Amino acid sequence: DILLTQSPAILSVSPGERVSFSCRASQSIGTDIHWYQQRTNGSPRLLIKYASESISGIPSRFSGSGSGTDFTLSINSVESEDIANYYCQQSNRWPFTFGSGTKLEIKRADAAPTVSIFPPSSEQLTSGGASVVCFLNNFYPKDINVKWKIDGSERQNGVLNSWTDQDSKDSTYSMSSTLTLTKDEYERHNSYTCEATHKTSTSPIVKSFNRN
Amino acid sequence: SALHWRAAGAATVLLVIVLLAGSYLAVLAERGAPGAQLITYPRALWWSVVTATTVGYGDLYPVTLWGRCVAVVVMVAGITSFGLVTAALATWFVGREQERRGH
Amino acid sequence: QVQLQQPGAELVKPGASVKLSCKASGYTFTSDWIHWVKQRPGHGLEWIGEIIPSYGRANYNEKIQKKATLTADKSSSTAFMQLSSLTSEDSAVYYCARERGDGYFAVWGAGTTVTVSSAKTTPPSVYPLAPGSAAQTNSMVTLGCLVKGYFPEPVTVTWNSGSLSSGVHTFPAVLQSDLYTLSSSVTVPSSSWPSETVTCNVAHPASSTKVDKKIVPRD
Amino acid sequence: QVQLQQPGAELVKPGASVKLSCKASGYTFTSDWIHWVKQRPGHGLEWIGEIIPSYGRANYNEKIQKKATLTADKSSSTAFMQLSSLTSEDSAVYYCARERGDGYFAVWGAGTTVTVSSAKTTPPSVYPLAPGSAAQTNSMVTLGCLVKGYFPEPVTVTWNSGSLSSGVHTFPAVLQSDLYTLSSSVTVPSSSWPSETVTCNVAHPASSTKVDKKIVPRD
């Protein structure tokens with residue numbers, strides 16, 4: 001069964017620069033390699049067939065090249081929409097096989113987060129729960145720290161964070177900190193704050209609100 | 001139309017059906033055999049012709065029983081056809097040498 | 001016209017089995033093979049198997065345990081894959097894809113998220129996130145809605161039934177007490193709200209539940 | 001008889017395009033392919049593409065961006081290569097070469113130096129270098145001429161229109177304020193000068209300028 005090897009697994013390039021993804025076959029497969037794009041939460045999308053041939057639909061920015069065992073997908077001038085997972089796939093011998101895949105990743109200019117605090121909802125509260133949601137949005141690089149303070153005092157229990165994969169709209173990252181309590185515990189504290197420490201500022205970006 | 005000419009015509013039609021059916025079935029036999037290469041219709045089609053002609057490059061060939069059974073039918077069709085044309089041409093020529101002697 | 005149509009989700013009890021559908025529209029041929037491709041979370045694409053609906057022959061990945069059995073309904077243009085005696089190993093997205101017998105996967109379904117657990121299905125709870133009163137707005141304003149206490153995966157979140165794409169983050173779920181929870185974020189100019197409306201539509205395939213929620217200012 | 005004839009130079013503004021010529025003399029056949037080969041400075045030979053002027057079919061290096069488009073004029077025996085939307089990456093010498101369809105490049109042109117910049121063309125300034133008065137001569141005497149404030153590359157320097165080859169260094173240009181500058185050196189026996197004449201001929205293809213300068217003793 002033919003083995004498809006995609007090194008490197010991650011590829012960091014700069015906006016508008018040329019990028020090339022390598023796919024090596026364990027043995028000559030002629031030109032019977034096909035390349036697919038998979039963005040986050042998307043299904044695969046045929047970019048190139050038989051190593052080099054365009055699919056209509058696909059930017060002219062995308063080309064393939066190669067024969068036998070060495071294959072190459074190239075993007076002349078990468079842009080954010082190009083952020084995805086690239087796979088190669090052979091049709092030369094049964095059974096068809098896939099590459100392990102390679103992540104395209106853009107290094108952009110540094111971007112400070114836009115922070116946004118959301119008091120729990122009167123719809124939520126009425127079901128004996130309260131969740132304070134802070135959004136850290138469109139920052140770069142992806143390294144960031146989110147601290148919770150209740151009435152000045154730092155909090156760590158009841159806190160679950162999620163980071164988005166790099167954004168295919170702008171090469172930025174985003175994150176959601178959600179502080180979860182019971183109506184009771186939320187009712188008996190004044191101020192909730194959500195501080196963001198990011199390389200773009202020596203001073204934390206803070207956002208608070210008082211239940212009153 | 002004289003018979004020899006019909007049967008060649010018939011055999012050319014019938015050869016084409018064998019080349020197409022052959023391509024379809026070769027792929028259908030060969031998928032599931034690990035390492036089989038005779039596993040896409042277009043090059044199957046090329047394989048069928050390089051087979052019926054007895055050219056037989058070996059760039060491609062079947063490795064399963066039914067592939068081989070399909071291959072054996074394509075060959076025979078090929079050879080029978082390319083020998084009924086000969087038999088027909090031989091009967092056309094014989095006829096023409098009979099007229100050129102007065103018979 | 002979406003060519004390959006697949007369920008969003010199937011929940012399956014460990015040891016149990018499940019039949020995945022794949023209804024196909026657009027040009028069909030005799031020649032056509034339907035393929036199935038397994039993708040576990042944070043892992044890549046694995047080829048399971050293939051079937052030719054016209055002659056009904058199928059082939060499968062020898063290299064992995066043979067859970068699956070493939071079938072087609074020539075009349076209803078559908079392929080089925082029968083994954084039997086599942087465990088958590090088998091929890092994945094299963095794509096189906098159409099190959100013209102020339103070697104590439106021209107078109108794929110949206111796939112089916114198959115979750116192997118003993119837990120009950122739970123539609124999500126949806127809740128607005130309109131700013132606090134004492135929050136100063138820029139040229140833009142960030143709204144959101146919070147989709148919590150749902151199982152299994154996945155959910156689909158959109159804004160104004162799809163007309164709002166620009167300015168939208170949906171965060172990956174986190175899991176806590178056999179329940180998933182995530183937020184989605186939308187950023188419209190400060191003027192276009194709430195004079196123009198902003199509604200978050202939240203589909204949960206495994207419960208056959210969709211819900212709307214409008215993000216109005218706090219009263 | 002020079003078989004492949006190519007321009008010395010073309011200056012091109014970044015983003016712009018350029019058509020390189022290659023007029024062929026000597027035996028032509030139907031069979032013949034014209035090839036183009038790119039050489040960036042201090043790097044080696046890269047195959048761009050090929051065309052058969054008789055049937056007009058061309059093929060190109062997939063492995064590199066497809067800047068080029070190839071054409072021939074069957075009547076005027078010329079091949080053209082159309083490099084479009086250039087940048088500094090594309091600044092190279094482009095050789096054309098004739099292959100009889102048997103695999104080797106029997107004969108090459110002198111190539112065309114293509115320079116992608118926004119700067120204006122500048123013919124060079126040529127100046128003698130005859131020794132200082134207080135310099136004692138050996139059996140040999142070194143003369144030279146200085147070719148400065150020219151753009152773009154290249155220039156060709158000879159001595160007595162080519163009859164003087166033995167004893168001649170030409171130094172690689174240096175670049176300083178969007179202008180090139182180089183010297184050439186000639187070493188004739190101390191006797192054969194200035195009783196016999198010594199003249200430095202300096203062609204600058206991109207300005208269509210050639211100039212002579214005689215190296216006479218300082219007055």
# chains A, B, ... in the order shown; residues from 1 in each chain; ligands from 1
call {"tool": "select_by_dssp", "arguments": {"residues": "chain A", "states": "strand (DSSP E)", "output": "ChimeraX atom specification"}}
result
/A:4-5,10-13,19-25,33-38,45-49,53-54,62-67,70-75,85-90,97-98,102-106,114-118,130-139,144-150,153-155,159-163,173-181,191-198,205-210
call {"tool": "calpha_fit_and_write", "arguments": {"fixed": "chain C", "moving": "chain D", "output": "mmCIF file with C-alpha atoms, in the first residue's frame"}}
result
data_model
loop_
_atom_site.group_PDB
_atom_site.id
_atom_site.type_symbol
_atom_site.label_atom_id
_atom_site.label_comp_id
_atom_site.auth_asym_id
_atom_site.auth_seq_id
_atom_site.Cartn_x
_atom_site.Cartn_y
_atom_site.Cartn_z
ATOM 1 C CA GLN D 1 -26.982 21.755 -6.049
ATOM 2 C CA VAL D 2 -25.215 19.832 -3.184
ATOM 3 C CA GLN D 3 -24.257 16.540 -4.880
ATOM 4 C CA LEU D 4 -23.538 14.285 -1.789
ATOM 5 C CA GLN D 5 -26.101 14.645 1.101
ATOM 6 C CA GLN D 6 -25.112 13.214 4.520
ATOM 7 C CA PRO D 7 -26.614 13.397 8.052
ATOM 8 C CA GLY D 8 -24.917 15.955 10.406
ATOM 9 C CA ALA D 9 -24.623 13.393 13.265
ATOM 10 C CA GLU D 10 -25.355 9.922 14.676
ATOM 11 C CA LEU D 11 -24.963 9.028 18.445
ATOM 12 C CA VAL D 12 -24.211 5.255 18.943
ATOM 13 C CA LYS D 13 -23.966 3.198 22.202
ATOM 14 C CA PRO D 14 -20.603 1.333 22.508
ATOM 15 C CA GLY D 15 -21.017 -2.221 21.030
ATOM 16 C CA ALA D 16 -23.980 -1.048 18.828
ATOM 17 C CA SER D 17 -23.936 -0.411 15.005
ATOM 18 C CA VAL D 18 -25.056 2.408 12.593
ATOM 19 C CA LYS D 19 -25.916 2.696 8.845
ATOM 20 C CA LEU D 20 -24.615 6.024 7.345
ATOM 21 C CA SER D 21 -26.549 7.351 4.303
ATOM 22 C CA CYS D 22 -25.175 9.339 1.323
ATOM 23 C CA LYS D 23 -27.922 10.445 -1.208
ATOM 24 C CA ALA D 24 -26.314 11.647 -4.533
ATOM 25 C CA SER D 25 -27.801 14.304 -6.946
ATOM 26 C CA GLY D 26 -26.328 15.701 -10.231
ATOM 27 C CA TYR D 27 -24.914 13.486 -13.082
ATOM 28 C CA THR D 28 -24.680 9.764 -12.087
ATOM 29 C CA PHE D 29 -22.942 7.256 -14.473
ATOM 30 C CA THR D 30 -22.568 3.405 -14.424
ATOM 31 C CA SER D 31 -18.771 4.185 -13.982
ATOM 32 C CA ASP D 32 -19.197 6.082 -10.623
ATOM 33 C CA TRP D 33 -17.636 4.875 -7.307
ATOM 34 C CA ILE D 34 -18.835 6.248 -3.919
ATOM 35 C CA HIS D 35 -15.997 6.300 -1.338
ATOM 36 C CA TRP D 36 -16.068 6.666 2.471
ATOM 37 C CA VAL D 37 -13.277 8.473 4.369
ATOM 38 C CA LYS D 38 -12.879 8.517 8.190
ATOM 39 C CA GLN D 39 -11.465 11.542 10.047
ATOM 40 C CA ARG D 40 -10.976 11.324 13.830
ATOM 41 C CA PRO D 41 -10.601 14.673 15.667
ATOM 42 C CA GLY D 42 -7.189 16.415 15.199
ATOM 43 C CA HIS D 43 -6.149 13.460 12.890
ATOM 44 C CA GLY D 44 -6.305 13.349 9.058
ATOM 45 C CA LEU D 45 -8.036 11.432 6.269
ATOM 46 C CA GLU D 46 -8.246 7.583 6.277
ATOM 47 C CA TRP D 47 -9.678 5.655 3.229
ATOM 48 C CA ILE D 48 -12.322 3.082 4.535
ATOM 49 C CA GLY D 49 -13.762 1.648 1.274
ATOM 50 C CA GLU D 50 -15.555 2.079 -2.084
ATOM 51 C CA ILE D 51 -18.664 0.772 -3.898
ATOM 52 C CA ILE D 52 -19.873 0.981 -7.507
ATOM 53 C CA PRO D 53 -23.671 1.377 -7.192
ATOM 54 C CA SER D 54 -24.335 0.124 -10.811
ATOM 55 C CA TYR D 55 -22.798 -3.467 -10.304
ATOM 56 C CA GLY D 56 -22.960 -3.339 -6.414
ATOM 57 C CA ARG D 57 -19.290 -4.566 -5.851
ATOM 58 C CA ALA D 58 -17.479 -2.946 -2.824
ATOM 59 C CA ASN D 59 -13.843 -3.077 -1.485
ATOM 60 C CA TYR D 60 -12.520 -2.003 1.993
ATOM 61 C CA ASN D 61 -9.310 -0.988 3.795
ATOM 62 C CA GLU D 62 -7.661 -4.361 4.693
ATOM 63 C CA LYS D 63 -5.027 -2.303 6.730
ATOM 64 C CA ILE D 64 -7.737 -1.493 9.459
ATOM 65 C CA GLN D 65 -10.336 -3.603 11.330
ATOM 66 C CA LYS D 66 -13.338 -4.334 9.057
ATOM 67 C CA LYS D 67 -16.206 -2.718 11.064
ATOM 68 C CA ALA D 68 -17.920 -1.547 7.766
ATOM 69 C CA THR D 69 -20.256 -3.155 5.142
ATOM 70 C CA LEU D 70 -21.266 -1.188 1.959
ATOM 71 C CA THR D 71 -24.568 -1.256 0.007
ATOM 72 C CA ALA D 72 -26.401 1.010 -2.487
ATOM 73 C CA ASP D 73 -30.065 1.553 -3.481
ATOM 74 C CA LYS D 74 -29.883 1.882 -7.349
ATOM 75 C CA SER D 75 -33.457 3.411 -7.313
ATOM 76 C CA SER D 76 -33.013 6.044 -4.444
ATOM 77 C CA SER D 77 -29.423 6.959 -5.633
ATOM 78 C CA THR D 78 -28.111 6.339 -2.075
ATOM 79 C CA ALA D 79 -25.015 4.572 -0.745
ATOM 80 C CA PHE D 80 -25.075 3.117 2.789
ATOM 81 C CA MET D 81 -22.077 2.244 4.990
ATOM 82 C CA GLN D 82 -22.815 -0.165 7.907
ATOM 83 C CA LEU D 83 -20.280 0.347 10.758
ATOM 84 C CA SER D 84 -20.993 -2.466 13.309
ATOM 85 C CA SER D 85 -19.828 -3.093 16.978
ATOM 86 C CA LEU D 86 -18.329 0.406 17.476
ATOM 87 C CA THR D 87 -16.097 1.697 20.317
ATOM 88 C CA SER D 88 -14.599 5.200 21.005
ATOM 89 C CA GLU D 89 -11.822 4.374 18.424
ATOM 90 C CA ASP D 90 -14.735 4.557 15.834
ATOM 91 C CA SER D 91 -15.845 8.111 16.957
ATOM 92 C CA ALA D 92 -15.100 10.200 13.838
ATOM 93 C CA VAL D 93 -16.450 12.300 10.972
ATOM 94 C CA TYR D 94 -17.265 9.972 8.020
ATOM 95 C CA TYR D 95 -17.213 11.798 4.597
ATOM 96 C CA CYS D 96 -18.597 10.138 1.419
ATOM 97 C CA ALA D 97 -17.201 11.332 -1.956
ATOM 98 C CA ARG D 98 -17.788 10.592 -5.641
ATOM 99 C CA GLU D 99 -14.970 9.371 -7.938
ATOM 100 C CA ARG D 100 -15.658 8.965 -11.699
ATOM 101 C CA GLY D 101 -13.256 5.936 -11.737
ATOM 102 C CA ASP D 102 -10.401 8.279 -12.864
ATOM 103 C CA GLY D 103 -8.826 8.404 -9.397
ATOM 104 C CA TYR D 104 -9.583 11.739 -7.651
ATOM 105 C CA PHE D 105 -12.443 12.726 -5.308
ATOM 106 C CA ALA D 106 -14.112 15.517 -7.330
ATOM 107 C CA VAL D 107 -16.851 16.187 -4.744
ATOM 108 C CA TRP D 108 -17.406 15.298 -1.029
ATOM 109 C CA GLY D 109 -20.354 15.362 1.407
ATOM 110 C CA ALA D 110 -20.307 17.589 4.570
ATOM 111 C CA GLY D 111 -19.775 14.322 6.420
ATOM 112 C CA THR D 112 -21.511 12.775 9.442
ATOM 113 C CA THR D 113 -20.076 13.201 13.008
ATOM 114 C CA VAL D 114 -20.449 9.713 14.634
ATOM 115 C CA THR D 115 -20.117 9.812 18.485
ATOM 116 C CA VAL D 116 -19.825 6.444 20.388
ATOM 117 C CA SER D 117 -20.935 7.044 24.040
ATOM 118 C CA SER D 118 -23.608 5.837 26.513
ATOM 119 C CA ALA D 119 -24.838 9.471 27.261
ATOM 120 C CA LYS D 120 -28.373 10.714 26.256
ATOM 121 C CA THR D 121 -28.784 13.382 23.506
ATOM 122 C CA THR D 122 -29.327 16.964 24.947
ATOM 123 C CA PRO D 123 -30.401 19.883 22.691
ATOM 124 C CA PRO D 124 -28.278 22.954 23.562
ATOM 125 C CA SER D 125 -29.421 26.023 25.549
ATOM 126 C CA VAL D 126 -28.977 29.338 23.630
ATOM 127 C CA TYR D 127 -28.544 32.691 25.448
ATOM 128 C CA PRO D 128 -27.745 36.177 24.085
ATOM 129 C CA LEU D 129 -24.569 38.153 24.882
ATOM 130 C CA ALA D 130 -25.430 41.905 24.440
ATOM 131 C CA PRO D 131 -22.801 44.277 25.973
ATOM 132 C CA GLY D 132 -23.037 45.599 29.568
ATOM 133 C CA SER D 133 -24.711 49.101 29.795
ATOM 134 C CA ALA D 134 -21.372 50.726 30.995
ATOM 135 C CA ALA D 135 -19.449 49.476 27.836
ATOM 136 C CA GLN D 136 -18.368 52.334 25.378
ATOM 137 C CA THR D 137 -18.793 51.281 21.617
ATOM 138 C CA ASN D 138 -16.126 52.001 18.828
ATOM 139 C CA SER D 139 -17.040 52.079 15.067
ATOM 140 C CA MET D 140 -17.764 48.286 15.555
ATOM 141 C CA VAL D 141 -19.873 46.371 18.220
ATOM 142 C CA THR D 142 -19.277 42.687 19.267
ATOM 143 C CA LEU D 143 -22.376 40.555 20.060
ATOM 144 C CA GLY D 144 -22.513 36.790 20.611
ATOM 145 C CA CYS D 145 -24.575 33.807 21.753
ATOM 146 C CA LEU D 146 -23.644 30.985 24.137
ATOM 147 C CA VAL D 147 -24.582 27.383 23.195
ATOM 148 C CA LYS D 148 -24.222 25.180 26.324
ATOM 149 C CA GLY D 149 -25.405 21.882 27.831
ATOM 150 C CA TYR D 150 -25.700 19.896 24.543
ATOM 151 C CA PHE D 151 -24.607 16.380 23.491
ATOM 152 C CA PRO D 152 -23.442 15.012 21.259
ATOM 153 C CA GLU D 153 -21.356 16.975 18.734
ATOM 154 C CA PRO D 154 -21.809 18.862 16.545
ATOM 155 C CA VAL D 155 -23.799 22.173 16.400
ATOM 156 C CA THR D 156 -23.865 24.696 13.483
ATOM 157 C CA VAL D 157 -24.084 28.409 14.447
ATOM 158 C CA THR D 158 -24.901 31.138 11.831
ATOM 159 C CA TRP D 159 -25.988 34.843 12.001
ATOM 160 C CA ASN D 160 -29.179 36.088 10.179
ATOM 161 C CA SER D 161 -29.600 32.560 8.695
ATOM 162 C CA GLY D 162 -26.271 33.015 6.814
ATOM 163 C CA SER D 163 -26.446 36.669 5.484
ATOM 164 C CA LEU D 164 -23.861 37.659 8.198
ATOM 165 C CA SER D 165 -20.500 35.817 7.581
ATOM 166 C CA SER D 166 -17.996 38.785 7.864
ATOM 167 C CA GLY D 167 -17.088 39.292 11.600
ATOM 168 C CA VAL D 168 -17.972 35.796 13.009
ATOM 169 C CA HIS D 169 -15.882 33.554 15.372
ATOM 170 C CA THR D 170 -17.334 30.224 16.616
ATOM 171 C CA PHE D 171 -15.145 28.716 19.379
ATOM 172 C CA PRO D 172 -14.454 24.974 19.558
ATOM 173 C CA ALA D 173 -16.708 23.241 22.141
ATOM 174 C CA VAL D 174 -15.241 22.225 25.604
ATOM 175 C CA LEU D 175 -16.648 19.093 27.338
ATOM 176 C CA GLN D 176 -17.617 19.148 31.101
ATOM 177 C CA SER D 177 -19.941 16.547 32.807
ATOM 178 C CA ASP D 178 -20.962 14.746 29.537
ATOM 179 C CA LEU D 179 -22.167 18.152 28.076
ATOM 180 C CA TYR D 180 -20.660 20.487 25.408
ATOM 181 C CA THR D 181 -20.581 24.305 25.599
ATOM 182 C CA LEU D 182 -19.379 26.971 23.092
ATOM 183 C CA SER D 183 -19.773 30.675 22.172
ATOM 184 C CA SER D 184 -20.097 32.372 18.752
ATOM 185 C CA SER D 185 -19.080 36.084 18.228
ATOM 186 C CA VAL D 186 -20.380 38.621 15.607
ATOM 187 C CA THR D 187 -18.911 42.157 14.944
ATOM 188 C CA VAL D 188 -21.218 44.630 12.999
ATOM 189 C CA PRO D 189 -20.666 48.439 12.739
ATOM 190 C CA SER D 190 -21.862 50.221 15.981
ATOM 191 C CA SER D 191 -24.505 52.153 13.889
ATOM 192 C CA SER D 192 -26.145 49.094 12.151
ATOM 193 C CA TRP D 193 -27.253 47.804 15.625
ATOM 194 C CA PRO D 194 -29.781 47.493 17.116
ATOM 195 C CA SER D 195 -31.531 49.621 14.384
ATOM 196 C CA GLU D 196 -30.860 46.592 12.088
ATOM 197 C CA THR D 197 -31.553 43.164 13.715
ATOM 198 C CA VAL D 198 -28.900 40.445 14.593
ATOM 199 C CA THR D 199 -30.158 36.843 15.199
ATOM 200 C CA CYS D 200 -28.039 33.708 15.956
ATOM 201 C CA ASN D 201 -29.437 30.452 14.370
ATOM 202 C CA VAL D 202 -28.249 27.260 16.191
ATOM 203 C CA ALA D 203 -28.839 23.829 14.611
ATOM 204 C CA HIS D 204 -28.160 20.600 16.621
ATOM 205 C CA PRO D 205 -28.429 17.707 14.113
ATOM 206 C CA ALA D 206 -28.442 14.810 16.677
ATOM 207 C CA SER D 207 -31.582 16.213 18.455
ATOM 208 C CA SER D 208 -33.171 17.438 15.126
ATOM 209 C CA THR D 209 -33.439 20.903 16.816
ATOM 210 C CA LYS D 210 -32.710 24.358 15.312
ATOM 211 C CA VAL D 211 -33.321 27.578 17.377
ATOM 212 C CA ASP D 212 -33.121 31.377 16.755
ATOM 213 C CA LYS D 213 -32.192 34.055 19.374
ATOM 214 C CA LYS D 214 -32.210 37.877 18.668
ATOM 215 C CA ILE D 215 -29.391 39.921 20.382
ATOM 216 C CA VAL D 216 -31.359 42.995 21.641
ATOM 217 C CA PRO D 217 -29.873 45.592 24.024
ATOM 218 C CA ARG D 218 -30.233 44.903 27.802
ATOM 219 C CA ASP D 219 -33.679 46.403 28.746
#
call {"tool": "interface_residues", "arguments": {"of": "chain A", "to": "chain B", "cutoff": "8 Å", "atoms": "only C-alpha atoms", "output": "mmCIF file with C-alpha atoms, in the first residue's frame"}}
result
data_model
loop_
_atom_site.group_PDB
_atom_site.id
_atom_site.type_symbol
_atom_site.label_atom_id
_atom_site.label_comp_id
_atom_site.auth_asym_id
_atom_site.auth_seq_id
_atom_site.Cartn_x
_atom_site.Cartn_y
_atom_site.Cartn_z
ATOM 1 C CA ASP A 1 0.000 0.000 0.000
ATOM 2 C CA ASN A 92 -1.735 4.819 -9.025
ATOM 3 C CA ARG A 93 -2.144 1.518 -7.022
ATOM 4 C CA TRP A 94 -5.126 0.018 -5.129
ATOM 5 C CA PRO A 95 -5.974 0.999 -2.519
#
call {"tool": "atom_distance", "arguments": {"atom1": "CA of residue 8 (chain B)", "atom2": "CA of residue 28 (chain B)"}}
result
29.4 Å
call {"tool": "residues_around", "arguments": {"residues": "residue 65 (chain B)", "least_positions_apart": "5", "cutoff": "10 Å", "atoms": "only C-alpha atoms", "output": "ChimeraX atom specification"}}
result
/B:29-30,70-71
call {"tool": "write_last_selection", "arguments": {"atoms": "N, CA, C and O atoms", "output": "mmCIF file, in the first residue's frame"}}
result
data_model
loop_
_atom_site.group_PDB
_atom_site.id
_atom_site.type_symbol
_atom_site.label_atom_id
_atom_site.label_comp_id
_atom_site.auth_asym_id
_atom_site.auth_seq_id
_atom_site.Cartn_x
_atom_site.Cartn_y
_atom_site.Cartn_z
ATOM 1 N N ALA B 29 -12.665 -5.876 -11.556
ATOM 2 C CA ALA B 29 -11.931 -7.082 -11.081
ATOM 3 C C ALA B 29 -10.708 -6.696 -10.239
ATOM 4 O O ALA B 29 -10.433 -7.381 -9.176
ATOM 5 N N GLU B 30 -10.006 -5.651 -10.697
ATOM 6 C CA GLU B 30 -8.647 -5.304 -10.226
ATOM 7 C C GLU B 30 -8.689 -4.455 -8.946
ATOM 8 O O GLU B 30 -7.786 -4.667 -8.089
ATOM 9 N N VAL B 70 -10.914 -11.756 -17.873
ATOM 10 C CA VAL B 70 -11.265 -10.609 -18.769
ATOM 11 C C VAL B 70 -10.128 -10.396 -19.812
ATOM 12 O O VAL B 70 -10.386 -10.176 -21.081
ATOM 13 N N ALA B 71 -8.879 -10.401 -19.347
ATOM 14 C CA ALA B 71 -7.734 -10.200 -20.254
ATOM 15 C C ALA B 71 -7.769 -11.296 -21.334
ATOM 16 O O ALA B 71 -7.577 -10.958 -22.517
#
call {"tool": "residues_around", "arguments": {"residues": "residue 67 (chain A)", "least_positions_apart": "4", "cutoff": "8 Å", "atoms": "only C-alpha atoms", "output": "PyMOL selection string"}}
result
chain A and resi 28-31+51+71
call {"tool": "closest_residue", "arguments": {"among": "A:88, A:2, A:104, A:179", "to": "residue 44 (chain A)", "atoms": "only C-alpha atoms"}}
result
A:88
call {"tool": "residues_around", "arguments": {"residues": "residue 18 (chain B)", "least_positions_apart": "6", "cutoff": "9 Å", "atoms": "only C-alpha atoms", "output": "PyMOL selection string"}}
result
chain B and resi 48+73-74+77-78
call {"tool": "atom_distance", "arguments": {"atom1": "CA of residue 25 (chain B)", "atom2": "CA of residue 10 (chain B)"}}
result
22.0 Å
call {"tool": "closest_residue", "arguments": {"among": "A:128, A:141, A:33, A:207", "to": "residue 187 (chain A)", "atoms": "only C-alpha atoms"}}
result
A:128
call {"tool": "atom_distance", "arguments": {"atom1": "CA of residue 83 (chain B)", "atom2": "CA of residue 23 (chain B)"}}
result
22.2 Å
